[PDB]
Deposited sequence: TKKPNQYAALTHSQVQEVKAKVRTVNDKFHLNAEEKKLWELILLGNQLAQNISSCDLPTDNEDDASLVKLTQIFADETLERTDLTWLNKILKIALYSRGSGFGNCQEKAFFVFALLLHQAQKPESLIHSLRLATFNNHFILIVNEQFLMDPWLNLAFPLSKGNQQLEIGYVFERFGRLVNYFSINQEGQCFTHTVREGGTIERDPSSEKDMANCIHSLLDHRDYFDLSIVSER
């Protein structure tokens, strides 16, 4: 039993059941299936990062997860870094250490897809981190929702989107945006605000991800 779990076993099994219901009704085209497979691989790669707040987690990992969480809290409080850089530094620390909770794993997949989005003719166009309280998720191309904490993903019907988000996460409350990058390369940070400092920091941030390419390698 994981005393530190932030959801119950049943709460998890319910979400998985609804993601299954949702994925059954979605029939994707070829290009959507390519991005889909990348999203699945990215979520799966994120499971290298061990959490301690799921019922299936090992309570023996609680202290090393707390170490990442203290690093993350201190990093987010810094005044000398942009928000994009804070997110990426935490992504890198979590992957490098192998420990992180929901926030860290969401940040890692954001970093992975931001890195992938630089590759020639990538299908990655937008990335939106948003939260149900402290439960982070990632919306890709306003077309897919990823939950690396739970290793689940499902498509969204572009337009009406609270039908599937509101179905899967019915008893999870309001989704609040956290940080996003649109197809134009503009950055938004937490109600939403344009984030020109992150925009100006973009290249240096992308460079720091290249310096740990192995953290994000999905190559066959």
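> Got a list of the deposited-sequence ranges with no coordinates?
Model skips 1 to 3, 194 to 199, 230 to 233 of the deposited chain.
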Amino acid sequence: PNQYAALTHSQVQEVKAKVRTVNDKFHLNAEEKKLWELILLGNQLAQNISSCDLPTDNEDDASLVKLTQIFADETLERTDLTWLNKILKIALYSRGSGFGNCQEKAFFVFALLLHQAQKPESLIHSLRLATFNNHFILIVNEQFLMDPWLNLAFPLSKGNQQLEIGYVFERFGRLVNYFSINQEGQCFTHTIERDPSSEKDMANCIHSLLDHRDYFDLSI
From here on, numbers count along this sequence of modelled residues.
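> Can you let me know which of the two, 48 to 56 or 176 to 184, has the higher average C-alpha B-factor in the entry?
According to the entry, 176 to 184 carries the higher average C-alpha B-factor.
> Looking at the entry, does 201 to 209 or 11 to 19 show the higher mean C-alpha B-factor?
The entry gives the higher C-alpha B-factor average to 11 to 19.
> Whose C-alpha has the highest temperature factor in the PDB entry: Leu64, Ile70, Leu28, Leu40?
Of the options given, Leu28 has the highest CA B-factor in the PDB entry.
> Taking only the Cα B-factors deposited for this chain, tell me whether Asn160 sits in the lowest, middle or highest third.
Within its chain, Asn160 is a highest-third residue by C-alpha B-factor, going by the deposited values.
> Taking only the Cα B-factors deposited for this chain, tell me whether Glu121 sits in the lowest, middle or highest third.
It falls in the top third of the chain.
> Place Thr189 in the lowest, middle or highest third of its chain's C-alpha B-factors, as listed in the PDB entry.
As the PDB entry reports it, the C-alpha B-factor of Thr189 lands in the middle third of its chain.
> Determine, from the deposited record, the chain-internal third of the Cα B-factor for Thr75: lowest, middle or highest.
Bottom third by C-alpha B-factor.
> For the chain shown, is the CA B-factor of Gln143 in the lowest, middle or highest third of its modelled residues?
According to the entry, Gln143 has a C-alpha B-factor in the chain's middle third.
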